[PDB]
Amino acid sequence: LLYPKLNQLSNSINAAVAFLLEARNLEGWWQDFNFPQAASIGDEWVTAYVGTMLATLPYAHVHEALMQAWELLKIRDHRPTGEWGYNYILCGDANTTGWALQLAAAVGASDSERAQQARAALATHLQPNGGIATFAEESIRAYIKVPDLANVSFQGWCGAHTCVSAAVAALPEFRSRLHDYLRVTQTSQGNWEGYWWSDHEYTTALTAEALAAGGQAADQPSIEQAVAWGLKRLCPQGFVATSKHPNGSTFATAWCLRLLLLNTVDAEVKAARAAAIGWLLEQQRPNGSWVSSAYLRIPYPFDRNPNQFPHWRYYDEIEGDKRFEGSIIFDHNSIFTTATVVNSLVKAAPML
Ligand SMILES: CC(C)=CCC/C(C)=C/CC/C(C)=C/CC/C(C)=C/Cc1cc(C(=O)O)cc(O)c1O
């Protein structure tokens, strides 16, 4: 054990926590992502996610931030279902709601009236194939006012999503119901593929973590297959390479590091986690953040298979006329990425 690397982990994590606490707005929300001149900036979703990421820290001032985040979420009580959504102006969705419920658990509010209502609302999103859909069709159609989408299918946006199902399966009340859907959707390579996210490491880590949390020995082979895939994704330099970031994605690497924590005996896995930690420490910016790489894609509403859509473009790079469908957006404030990385480092440090 190299005590300088443990102390650098402490310093890295503290710098990121300071960045994230200072990056809150007037009322205390974490904000990220932007649909310009349209749905605008994420808050309820980003806050639920960041707060859940930071729940792994022992710090009293972080717990106070999470208590405040929950109070902000409780004041967002305008939707009749009790759901949370991307931000105030959006309808509820199952992903935001599932992350908000993980934050509720961290602050002792899982059995609150609001949490019970929101958990009930998740049940509406259960599909006949055993997974969870992001949106209710009537709700998201009521929000969208784009003429060339008025008459299209919304079965892409309103079908079962593996990324959302994996997150909801972090809740003990849903883990058993979502199990068979999570098992049947694993690829022959050992990973899972999400709907909204470009980086499969996110869905793979979350799904493997839900299977691990259920404690069924029948799921252990699937978990180990996912770990093996993670080991192949992480190159020797300690990062996950992508087409967009061929020298390493901070977001994809952080989620791959979380996935590799699911095997604590294999020496090659332990070495790969060490390499990922070293690369993430090298990549941190002076202000404590990491470079944005949390790529969210917007399929067409009818598209059930966005991993089979070859046309993705980065919204911010499109010259001339453009639309959100078929584009990728990112976390312009680096809050979503930074919270992800800091969580992975806190979880990985004791297994150094
Ligand atoms: C599910 C998840 C990963 C996070 C939980 C939060 C969610 C829901 C993240 C996904 C991305 C989505 C759909 C976010 C909502 C906002 C929106 C509907 C964006 C597209 C858009 C807007 C408009 C418009 O605002 O007019 C017109 C569009 O044609 C159009 O595609």
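When a residue number appears, it is its place in the shown sequence, counting from 1. All values below were derived from every heavy atom in this structure, side-chain atoms included, with hydrogens, water molecules and symmetry-related copies excluded. Counting starts at 1 for both ligands and their atoms, following the listed order.
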Item to check | Any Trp29 side-chain heavy atom under 4.5 Å of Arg76 side chain | outcome: yes
Next on the checklist: Would the distance check show the side chain of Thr203 and the main-chain N or O of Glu193 forming a donor-acceptor pair, the cut-off being under 3.5 Å?
Outcome noted: no
Next on the checklist: Check the orientation of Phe239 and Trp279. Use parallel for under 30°, tilted for 30 to 60°, and perpendicular for over 60°.
Outcome noted: tilted
Item to check | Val164: which of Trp99, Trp196, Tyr195 passes side chain to side chain contact (heavy atoms under 4.5 Å, CB included) | outcome: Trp196
Next on the checklist: So that I can tick it off, tell me whether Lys347 and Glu209 are bridged by a salt bridge, with the cut-off set at under 4.0 angstrom between side-chain N and carboxylate O.
Outcome noted: no
Note down each nitrogen or oxygen pair, ligand 1 side and protein side, whose separation is under 3.5 Å; give only atom names and the distance to 0.1 Å.
from     : atom 1 : to     : atom 2 : distance (Å)
ligand 1 : 25 (O) : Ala39  : N      : 3.0
ligand 1 : 25 (O) : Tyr143 : OH     : 2.6
ligand 1 : 29 (O) : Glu325 : OE2    : 2.5
ligand 1 : 31 (O) : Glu325 : OE2    : 2.6

Checklist entry - What residues, two or more places apart in sequence or in another chain, satisfy salt bridge (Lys or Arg N to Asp or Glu O under 4.0 Å) together with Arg114? => result none
